[PDB]
Structure formats: C-alpha cells, structure tokens
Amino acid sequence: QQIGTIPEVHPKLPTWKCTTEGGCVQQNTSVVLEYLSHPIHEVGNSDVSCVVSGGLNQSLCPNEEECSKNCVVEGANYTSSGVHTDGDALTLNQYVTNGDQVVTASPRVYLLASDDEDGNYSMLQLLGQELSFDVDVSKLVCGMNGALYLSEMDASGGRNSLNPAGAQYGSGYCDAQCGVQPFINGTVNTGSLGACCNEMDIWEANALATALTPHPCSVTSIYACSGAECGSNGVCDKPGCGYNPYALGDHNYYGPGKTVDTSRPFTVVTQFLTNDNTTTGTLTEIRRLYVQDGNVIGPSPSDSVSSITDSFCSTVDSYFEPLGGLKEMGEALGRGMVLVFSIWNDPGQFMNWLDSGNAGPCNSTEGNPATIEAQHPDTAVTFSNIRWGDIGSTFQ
C-alpha cells in the first residue's frame, strides 16, 4: 500500500538514554499508531477500505503487488484514536466520545527514533541495562491492561517498495502471541499466518495487579507462523513466565493504599542483569524496583522469589527453557527491540489472568468490558519520564 496525502504527524515524546559517567541525555523520540489504526483504502475511493472485518479485502489485495497498487495508507487522527502527549508524558485512553456515543479506541503505539521519511523505530538494547518509567495507573480499573513492552519487530517495520510506509506508519507489529493479522512484516498475509517474535512484557497492569512476563520464541526477529507453529507451545511461548507479586505471596505489595500505592503515580525500574555485569554477558536475572515518595521499594520478602530467573520460570512455565530461557531472551534484548505502549480490555476472559483469582483482588465479572464502558469510560494510563541505560543510572 502506497502513502496517501493525509499527513502523518507523530505525537512527540522525548525519552532519555542514561549512563553512569555521562548521565541522562534526551532523545527527540516520537510515537506512532499501529498500521491498522491508519485509514487504508482504495486509491479511487476512501469509502472502500482495504482492511475489512479485520482481514484483507480480497478483491483489492489478492497479493502484495495488487494490494500495493490498489490501496493507500493515510495519516491518522491521534486524538480520535485515544493518544495524547504532553511534555514527556504519553496518555492512552481506552474510549473516545462523539457526544452520547462511546467508541472503543484502545490504541497501540511504537517509539520512533526519527520522523524522517525513512525513520526507524528506536531499537532499545537492554541486555545488561535497565529501563525506568513513571506511570499513573490510578484510572485503570479491573479488567483493564495498560502495557509497556518490547517486541523484536523489524527496525523499519517491513519497509520496501510495495510497503513504503514502514515504521513511519506503524508497520510490522509482532509479538509472542503469533496473532493472525492482514499484513506481516509489511507483506500481505493472504491466509492465516501469524506474526511471531520474541516479546518482553515489562509492564502489564491496572491499579489492582501487575505482571512482568518474558515470552521467548525459537526465532529471531519477526516470523510468519503456519499451523501448529502458531500454537501455544509452537515457535513462541504464548503463556510466558509471568511474575505477579500478588500471585507469588504478598497481597499487600501492589495496589490502592498498598506498599506500591497505585492510588497515585510511581516509578517502575526493570534491570536485565547479566552474569558478568556487562552488556554482552548472559541474561541471568530480571529484577524489579519501584520508587515512590522518594523511596526505593525492592522485591517483597513475602514473595516466594525476589526476581525472575530460569528456575523460577520453569516452575511457572515449562516451555520457557526449551525456547532458550533468559539467555536467548537477553540475546533478543541485545539485538534490539521496539518499545510498545498499549491500553486494552478483554471481552473473553476480562483480564482475570492479571487481576482476579490468585492473581489479584478483582471480582470475576468486575472487568467485563460492558461494565467498563458503561461505568468507567474515562479509563486511561499515563506513561512518562522514560529512561533506559546503565544499571542504576535511570532513577533517583
């Protein structure tokens, strides 16, 4: 699909790269909506969409050349898609409103390194490094998921002559869920392939519960899976090695009025520690700290473990180590990965895996999207003050 005329204007979102000796240095980064959140329509006629019912218009897109000729991708309206930036803060709204009508926006955005015509995503290399961000989750109710994570997408988003849009229009998404989507790495997916790649879920959370989940794959960068390759233990680890402090033994660590008080903003620090403390060693531990009220809050001693390691993970996820465990996870982090921000909810299981049952305090039906939309249409997440770099150099 070629590039139409409605301009694509990326909300600016400064970030920081930090070092022990040099301190933090601001990057002129910005943020881009998912490709499929852009209008993609026929050259003649902006009423004829090329993506209908979440799949390809077969008349226009039987293959990549025909789709490239028949279709154009347009610039997106970021506010109607629920995306706002103010200084160093990104706000993602789940819902937007005409007047009486509420519209599911549920945006997903990617961090861009450049806004040039050939600008690529930022390729964060976090092996032997840390990432910190401030977050306000106080408006994220049961069933909501505000997420900040990493995917081994292609730095150009699959840019080529038939997909000239690339990273500048949000192209090339993939994750460990191997989801079926109409374009994979910038190429038309005519039939049922899934878009797979290593995924590091730094942050999935609402005000009631939080999870940190590495999801390894047996591939490097993006991969179109077929058949059983897309299964739950196929080329990727769909369940992943989930770390949730409520589930692991401390119901008073995280939440409203709790040790990490989600009633008000806080800082999330994630350290990817290597055996030899270098950015080229082997990832052997993932460690989580919070900062709130100028206090560093370490792992709860009431939790069964204090960090993610391979032996932890094998207790919760028997497919983590066959796909290379933390060593290959760290190799993906060392090659470089795309920073992804999203907000979403779940008409199927209501996020009960995140915040209900053993995992959190929510009533089983509290996170029904129907009640969320009726009662909490303003639910939203704000990420800010995003910094990555040398261990210890990104926070207080």
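For every residue, the number given is its place in the sequence shown, counted from 1.
Peer 1: So, looking at the entry's B-factor column for Cα atoms, which has the higher mean, 269-277 or 98-106?
Peer 2: Comparing 269-277 with 98-106, the higher average CA B-factor belongs to 98-106.
Peer 1: Can you let me know which of the two, 241-249 or 112-120, has the higher average C-alpha B-factor in the entry?
Peer 2: If you average the C-alpha B-factors of 241-249 and of 112-120, the larger mean comes out for 112-120.
Peer 1: Determine which member of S342, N368, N57, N363 has the highest CA B-factor, using the values in the deposited entry.
Peer 2: Most elevated C-alpha B-factor of the set, per the entry: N57.
Peer 1: According to the deposited entry, which of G143, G146, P216, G157 has the largest Cα B-factor?
Peer 2: Reading the PDB entry, the winner on C-alpha B-factor is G157.
Peer 1: Using the B-factors in the PDB entry, rank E199's C-alpha atom against the chain and give the third, lowest, middle or highest.
Peer 2: Its C-alpha B-factor belongs to the lowest third of this chain's values.
Peer 1: Lowest, middle or highest third: which one holds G330 when the chain's residues are ordered by CA B-factor from the entry?
Peer 2: CA B-factor rank for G330: highest third.
Peer 1: Give the position of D136 by CA B-factor within its chain, expressed as the lowest, middle or highest third.
Peer 2: Middle third of the chain for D136's C-alpha B-factor.
Peer 1: Consider only the C-alpha atoms of the modelled residues in this chain, order them by B-factor as the entry records it, and name the third containing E21: lowest, middle or highest.
Peer 2: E21: CA B-factor falls in the highest third of its chain.
Peer 1: Looking at the C-alpha B-factor of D261, is it in the lowest, middle or highest third of its chain?
Peer 2: Answer is lowest: the recorded C-alpha B-factor places it there.
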